[PDB]
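J.: pasting the first bit of my complex, frame unchanged:
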Amino acid sequence: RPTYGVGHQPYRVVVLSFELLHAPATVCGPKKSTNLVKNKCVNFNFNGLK
Amino acid sequence: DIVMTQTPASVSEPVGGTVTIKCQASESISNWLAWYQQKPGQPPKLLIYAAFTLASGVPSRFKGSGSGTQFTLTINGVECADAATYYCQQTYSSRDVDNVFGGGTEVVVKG
């Protein structure tokens, strides 16, 4: 009943479920990737492991 | 993207039995579904829409069942007047679909 408030209106709800483990990663964030550097003090991030 | 098949190809059963038709989907289409009947030399008519709701002016003998992937159309009693072809329509997603309707199933009633 669109005349009434939003409580009587259609709502489309999408539910996402993750597992959030950093090793068998197949769905990652949109951030880019950079070449690695060895033998230097760096703050890395491997598949979400910082 | 969405493809369906309709089975059986044809059915035959005397006047007192119940005839049932299966409409199965490659992937789930939820409730979205419709059943259509055409008499020979006559355009099809809607019988069951939303896979459960009876149409207008249709007698209370045709039952639609199932949700998601498998759907069944069951007629409690035949009277040799429902001998026609029935189709099921996806009515869910037709972006790139060869045919919204499924296969043909002709009902034969021997009285």
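T.: That came through fine. Numbers count the residues shown, from 1 in each chain, chains lettered A, B, ... in the order given.

J.: geometric centre of chain A: which residue is closest?
T.: Nearest to the geometric centre of chain A sits residue A:29, at 5.2 Å (C-alpha atoms, centre = their mean).

J.: gap between that one and residue B:91?
T.: Distance of residue A:29 to residue B:91, computed by C-beta to C-beta, to the nearest Å: 37 Å. Quick note: C-beta positions are derived from backbone N, CA and C, even for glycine.

J.: again, but for residue A:27
T.: 32 Å.

J.: contacts only, for residue 47.
T.: Here I'm looking at chain A. Contacts for residue A:47 (C-beta atoms under 8 Å, 6 or more residues apart in numbering or on different chains) come out as A:22, A:23, A:25, A:28.

J.: let's do chain B instead
T.: If a contact means C-beta under 8 Å, 6+ apart, then residue B:47 has B:35, B:36, B:37, B:54, B:55, B:58, B:62, B:86 as its contacts.

J.: and the two most separated of those?
T.: Spanning the widest gap among those are B:54 and B:86, at 14.9 Å by C-beta to C-beta.

J.: in terms of neighbours, single out the busier of those two.
T.: Shown here are residue B:54 and residue B:86; by other C-beta atoms under 10 Å in any protein chain shown, residue B:86 has more neighbours (26 against 16).

J.: can you slot in chain C too:
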Amino acid sequence: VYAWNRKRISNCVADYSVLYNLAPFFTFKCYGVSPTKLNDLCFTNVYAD
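T.: The block that follows adds chain C to the chains above:
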């Protein structure tokens, strides 16, 4: 709602910056993760209903 769909998401990159125009007036209240840094994360299995 009773016949809710289930979708598998895998072997792809997931971005949230696009989830504004497609679903305006959205509400992403959720649990178990901070939505602010969803950009720098990886997911083994994602299910969309």
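
J.: revisit the contacts of residue A:47 given that chain C is now included?
T.: A:22, A:23, A:25, A:28, C:42.

J.: can I get these in JSON lines with distance to residue A:12, neighbour count and secondary structure?
T.: Formatted as JSON lines, the contacts of residue A:47 follow (distance: C-beta to C-beta, whole Å; neighbours: other C-beta atoms under 10 Å in any protein chain shown; DSSP: H, G, I helix; E, B strand; the rest coil):
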{"residue": "A:22", "distance to residue A:12": "32", "neighbour count": "16", "secondary structure": "coil"}
{"residue": "A:23", "distance to residue A:12": "34", "neighbour count": "10", "secondary structure": "coil"}
{"residue": "A:25", "distance to residue A:12": "29", "neighbour count": "17", "secondary structure": "coil"}
{"residue": "A:28", "distance to residue A:12": "26", "neighbour count": "19", "secondary structure": "strand"}
{"residue": "C:42", "distance to residue A:12": "27", "neighbour count": "22", "secondary structure": "strand"}
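
J.: in the residues you listed, find the pair that's most separated.
T.: Spanning the widest gap among the contacts of residue A:47 are A:23 and A:28, at 12.2 Å by C-beta to C-beta.

J.: about what we covered before: touching, the residue nearest to the centre of chain A and residue C:40? I think so.
T.: Yes: the criterion here is C-beta atoms under 8 Å, and residue A:29 meets it with residue C:40 at 5.4 Å.

J.: chain D follows; place it on the structure:
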Amino acid sequence: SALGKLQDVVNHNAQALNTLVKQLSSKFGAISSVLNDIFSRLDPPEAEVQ
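T.: This next block brings in chain D, placed alongside the chains you saw above:
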């Protein structure tokens, strides 16, 4: 067994240090024992208590 005392001193120190370093992997009732994991798993407001 003649030199038991000095060996006991060395073993005591080594095992105390080993226990101290090994206890660092204790959960203490958190969701994870790695504080990096806590930071990338929760909004701050609960991150402070964890």
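
J.: and the contacts of residue A:47, now that chain D is in?
T.: Residues near residue A:47 by C-beta under 8 Å, 6+ apart: A:22, A:23, A:25, A:28, C:42.

J.: wait, the residue nearest to the centre of chain A touches residue C:46, no?
T.: No: if you go by C-beta under 8 Å, residue A:29 and residue C:46 don't touch, sitting 11.9 Å apart.

J.: shared neighbours, these two?
T.: residue C:14.

J.: now residue C:47: which helix or strand?
T.: Using DSSP states H and E, residue C:47 falls within strand C:46-48.

J.: and that strand, is it in reach of chain A?
T.: Yes: on the criterion C-beta under 8 Å from any C-beta of the partner chain, strand C:46-48 is in touch with chain A at C:46, C:47, C:48.

J.: skipping its backbone neighbours, what lies nearest residue B:104 in space?
T.: If the residues on either side of it in the chain are set aside, residue B:104 comes closest to residue B:85, at 4.8 Å by C-beta to C-beta, 6 or more residues apart in numbering or on different chains.

J.: related to what we said a few turns ago, check contacts around the residue nearest to the centre of chain A.
T.: By C-beta under 8 Å, 6+ apart, the neighbours of residue A:29 are A:48, C:13, C:14, C:15, C:38, C:39, C:40, C:41, C:42.

J.: tabulate the residues you listed (TSV), appending distance to residue A:6 and secondary structure.
T.: TSV is the format used below for those (distance: C-beta to C-beta, whole Å; DSSP: H, G, I helix; E, B strand; the rest coil):
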residue	distance to residue A:6	secondary structure
A:48	37	coil
C:13	34	strand
C:14	29	coil
C:15	29	coil
C:38	27	coil
C:39	31	coil
C:40	34	coil
C:41	32	coil
C:42	36	strand
